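J.: Got a structure for you, questions after.
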Amino acid sequence: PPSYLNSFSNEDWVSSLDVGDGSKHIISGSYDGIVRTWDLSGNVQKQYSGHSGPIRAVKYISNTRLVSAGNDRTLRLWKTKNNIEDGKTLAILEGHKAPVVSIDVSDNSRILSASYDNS
RNA sequence: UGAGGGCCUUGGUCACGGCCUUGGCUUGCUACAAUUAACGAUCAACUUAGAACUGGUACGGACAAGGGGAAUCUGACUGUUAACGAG
């Protein structure tokens, strides 16, 4: 049976999760607009801030790349360098007109985003 | 003086293009003036309410119903030949 191993708290509701292909860090987006990476010990390693509203989807691109989306109509491409690290936004991807709630990443460096603008 | 963008470039890395690093228009914090911004800019609102041409007025010049005047007698009856009566 699947047994309780370990649970770590957050500030507000958590809306999305990702672990990546090969890694141990857990990526979690919350409803306060902050994306947090964890190192399997309940400790935040990297924080991403800059989204206006709640986060709805977080995806893992590379060891130093992340893509996020939320209630604001913008995807965000973040980069980190490789205490608590503070990632910065490489780019803001605009043009949905309704909140973006899903994202997926392909092998050929492409991203698919599903939003509430029926598009 | 810190941040974010743009043009540069230096090495390692994966078949002109990614990945990791190196040094040089917007906004944030402080220092001296301005506080007559009592100025300027922009978006938005706005069209001409006037109609009618009635009469009576004071004045200037002819009509206006139609024979007049005076006094006595007489009939109800005041304050100067009093008046009045379709006698």
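Mapping to the numbering used here: the first sequence position 89 is 237, numbers consecutive. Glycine included, each C-beta is placed from N, C-alpha and C at the ideal position.
Got a sec, what are the start and stop residues for the beta strand (DSSP E) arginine 224 sits in?
T.: Its beta strand (DSSP E) spans residues 222 to 227.
J.: Going by CA-CA distance only, name the one from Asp265, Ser163, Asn154 that's closest to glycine 190.
T.: Closest option to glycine 190, Cα to Cα, is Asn154.
J.: Can you give me the C-alpha to C-alpha distance between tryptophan 186 and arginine 258, rounded to a whole angstrom?
T.: Their Cα atoms are separated by approximately 25 angstroms.
J.: State the start and end residues of the unbroken beta strand (DSSP E) segment that holds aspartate 160.
T.: From DSSP, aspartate 160 is part of no beta strand (DSSP E); its letter is neither H nor E.
J.: Roughly how far, in whole angstroms, is the beta-carbon of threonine 228 from the beta-carbon of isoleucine 240, given that I think they are within contact range, below 8 angstroms?
T.: Actually they are not in contact, since the Cβ atoms of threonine 228 and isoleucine 240 sit about 17 angstroms apart, beyond 8 angstroms.
J.: Use the C-beta contact count for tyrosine 152: other C-beta atoms within 10 angstroms, 16 or more gives buried, fewer gives exposed.
T.: That one is exposed.
J.: Do you know offhand how far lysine 194's Cα is from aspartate 220's?
T.: Going from the Cα of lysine 194 to the Cα of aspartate 220 covers about 22 angstroms.
J.: What does the Cβ neighbour count give for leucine 214, buried or exposed, with the cut at 16 atoms within 10 Å?
T.: Classification of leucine 214: buried, given that the 10 Å Cβ count is 16 or more.
J.: In angstroms, rounded to a whole number, what distance separates the CA positions of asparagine 211 and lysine 245?
T.: C-alpha separation (whole angstroms): 30 angstroms.
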